[PDB]
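One chain comes next, on its own, written as C-alpha cells: the form deposited in one PDB entry.
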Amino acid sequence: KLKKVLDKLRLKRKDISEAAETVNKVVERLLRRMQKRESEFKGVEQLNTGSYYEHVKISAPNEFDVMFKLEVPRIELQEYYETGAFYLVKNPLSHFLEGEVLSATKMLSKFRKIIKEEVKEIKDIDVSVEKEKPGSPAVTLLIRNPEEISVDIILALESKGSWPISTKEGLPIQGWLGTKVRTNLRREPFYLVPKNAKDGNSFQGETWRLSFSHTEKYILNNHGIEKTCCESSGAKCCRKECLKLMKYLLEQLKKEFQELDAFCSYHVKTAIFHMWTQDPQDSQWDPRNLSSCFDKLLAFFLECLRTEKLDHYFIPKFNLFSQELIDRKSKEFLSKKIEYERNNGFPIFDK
C-alpha cells in the first residue's frame, strides 16, 4: 500500500542512465571552462549533493545538485546580526572585494556570466540557463534532451578551519552515529553559498549562508546505529523510504496549492534528521512497521508546524519555521492538509 506508492516513486534505470549521461557531459564541460588560466574560479572542484546523490530523489531523475567549491584560505567570518546562518566574509578574487568584504553578488554575477558563455557554445544538447531567482545560490540549467531536467550549479566557498561557533551544539548525533563520527565530520570543511536576497537589508549583496550539504549526504548514506544497516550482510531499515513518502506528500500538495509556496523539501529533510536523532535504534525503523514509522514522522512534522518550531539541524538557534520566515496561516493550512491525508488514507498519493 505504502509499498505500492514507493514502487511508483522508484526511478527507472533507463531514465537514470539517459539523464546522468547528459548532466555529466554538461557539468564536466562547465567545470573545465572554470579552469581556463584567466578564470577567477580556477581551482574550483566539484561535489555532487542533494537528493539524487543521496538516493532519495523521487518520481523521475529530473533535478540534480552540484557544488562548484572554491577553497578560500585565510578567511575571517563576521556573523550577520546573531542569525547563526548568515555571514560576511573578509589574488584571483580581488575584483569581487569592496574594501576587505567579498561580494557574493559580484562573484555570483561573474560565475553566471562564464556559465552562460559556455552554455551558448554547446551544440550537442538542448540546454539553456534559467533566469536568476532571488534567494538562490545557484545558476540553474534547463536541459530538454527530450525530458526536462534541471541542474543547480551552486557556487560555494570552502573553508577548512573549525566550523563557526553557531554550530557548536548542532549535529546532535552522539546517541545515534556517535562521537567518533561527529568529531570526524566536524574536521571536514564547511561551505558558504551566496544568500542572494533582494530585500533592501544592509549587506544584501555581501551576505553568505552556511551549507553542510556534504555532511548531509554522508548522513543519508551512513544512517544506521549499526554499521551494517541496509548493507548486503545487514538488515534493511525504512529510514530513506519514510523520507521519500514525506517528500512526495509535500511535492503533491505543493503542485496543487499556492498557499504552500513557502515550504520546501529541506523542511522535510530537517524534520527527519530530528526524528532519526529522537529514535536512533535501527529497530525503530523496521520495514515491517513502515506505516507507523511514516505516521510518527507526520505527527512530528505537524507538531513543528503548530508550535512554529523547526530548528536547523546544524545551527540550533536558527528556526526555519519562525513567524519571520513563514506566516501562521501557511503553517495552519499545511497542518490541516496533512491531517486530512493522514486520516482519510492518503488520496493525494493516488493522483
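Residues that one form lacks are left out of the comparison. Numbering starts at 1 and follows the sequence shown. Between two forms, the rigid core is defined as the largest C-alpha subset superposing within 1.5 Å.
Beyond the structure shown, there is the form deposited in another entry, which is absent from this document and is the topic of what follows.
- Candidate set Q78, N221, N201, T228; criterion, C-alpha shift of 2 Å or more between the shown form and the other one after rigid-core fit; matching residue, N201.
- The pair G200 and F111 separates in the other form: their C-alpha atoms are at least 3 Å more distant from each other than in the form depicted.
- By 3 Å or more, the C-alpha separation between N201 and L260 shrinks in the other form relative to the form shown here.
- In sequence order, there is one run of three or more residues whose C-alphas all shift by 2 angstroms or more between the shown form and the other one, with the rigid core superposed, and it is 195-203.
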